[PDB]
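Structure 1 and structure 2 below are the same protein chain in two forms, each given by itself as structure tokens.
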Structure 1
């Protein structure tokens, strides 16, 4: 009434100040980030599995020659095999027309769930692949626009230092249904076609760093960074074409520039998904 209603609300308050204090304590922690990095490290993703990692995802590895560690995406099969993934395409969300520097350091994003496209860099691929005498094997996994998949393994896969332009080299094709595109393809226009499209032994090129065997510039004309040779038969850093089928008309300079593997599909067909991952070779049989 008089002095009444005054000390009602005027009493709620002290108690209100205290609810507030509970609210404040409920509001100190940051949003919870669904992406986490595991704490097992090693020379590479196989080494991480041998150490008990039991799950695909993000880990840090530190190759023998590296003088700083780095985040990789490991594929842990429940079989005890740890694959280090260095390349991944699955939607055309990342632009792969990048320059030398970007190909050397890496671009794209690493995701726990592997739903992220990326190019680990060239330098990294180099440090892992040559850190010891234990030969590595490269496995390419491809997927068409009809859910079919195929693979191609290469044995003794190595990427050279920057002084040699991150030259690719392998001892031999180890089989797979995808077919040996790194061996070059007979497009049938000239007797030298197969040799001019092979990859084994090629230096890496980008538009700004031509090391191809073409008078012109394969990476500039196809829009990617790849181990080019006048120019290619296997091209996974190609332009992402929705649908698979594409035509010369859709291309920017008139040459096939999609994500091809000419020994599995035609060069006028671009893959749906692409993975390039490595594992110490003894892991295969």
Structure 2
């Protein structure tokens, strides 16, 4: 209610005590703020990192010292640019360069020539992603000056059962020859030599119509199969088609593994199959294709 005009001198001298105090605190606050700004300049930590160790291939790298699987940069001797890959390094010190992977169906494999040439999908440090490295890369790797390579095919059903098929002298040719697939011989494996053909009984030429050694790569937009029609298209994928296949790892990913002829408007057997192991109406749950210098495959 308006007090003595004699208090004003203390009251006035009071608002000053809480004024300078305020400015004081504000200064320390700003300091505190400077410190906060410092703890906020960095970017989020990316779990996925790439190792520095490089080489002509995973083996070359593994030998150099790398000991764990993970993404790496390799550059085969004749390659222009270097390119990222997924290396698998076991205890024995074998660097496997993986170029094909299936495990969930998240990645569509109904791609064209270019994409199959360049590669698609994602690379992951924990080999938990699906992909196709790219015909050109695979080619470069498998045809390094005087280095016999070996291809291992690992399968796995919807029951935790795995199998492997190995091929010695694995090779993939240049685009001039449509990335022709070739190998010297089936180097063994409980998975079964599906690349040699398989007799179904539908025709007397089955074996002939389903062999893969020597077959050129095909995609819907680039027919190179031994069929008057289009294998890659019908199955909706990219692969070394004959007429059409006995072993087909880039097939449609049928969840459950078990599919039938009543799965398409044509009854095609366009799944992830490998005749020697399971029936043609069983699409694998996992699929991995890796290579490594033959002179290392035990």
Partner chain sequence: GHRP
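Take the two forms, find the largest set of C-alpha atoms that superpose within 1.5 Å, and that set is the rigid core. Residue numbers count along the first chain shown, from 1. Shifts are known only where both forms have a C-alpha.
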Between structures 1 and 2, the form solved in complex with its partner chain is number 1
Only one of 69, 253, 41, 245 shifts its Cα by 2 Å or more between the two structures once the rigid core is superposed, namely 253
(Q) Taking the rigid core as the reference frame, tell me whether residue 22 has a CA displacement of 2 angstroms or more between the two structures. (A) no
Core-superposed C-alpha displacement of residue 225 between the two structures, in angstrom, equals 0.2
With the core held fixed, residue 8 moves its Cα between the two structures by a number of Å equal to 3.6
In terms of 2 Å or greater CA shifts after rigid core superposition, the runs of three or more consecutive residues between the two structures are 1 to 11, 251 to 253
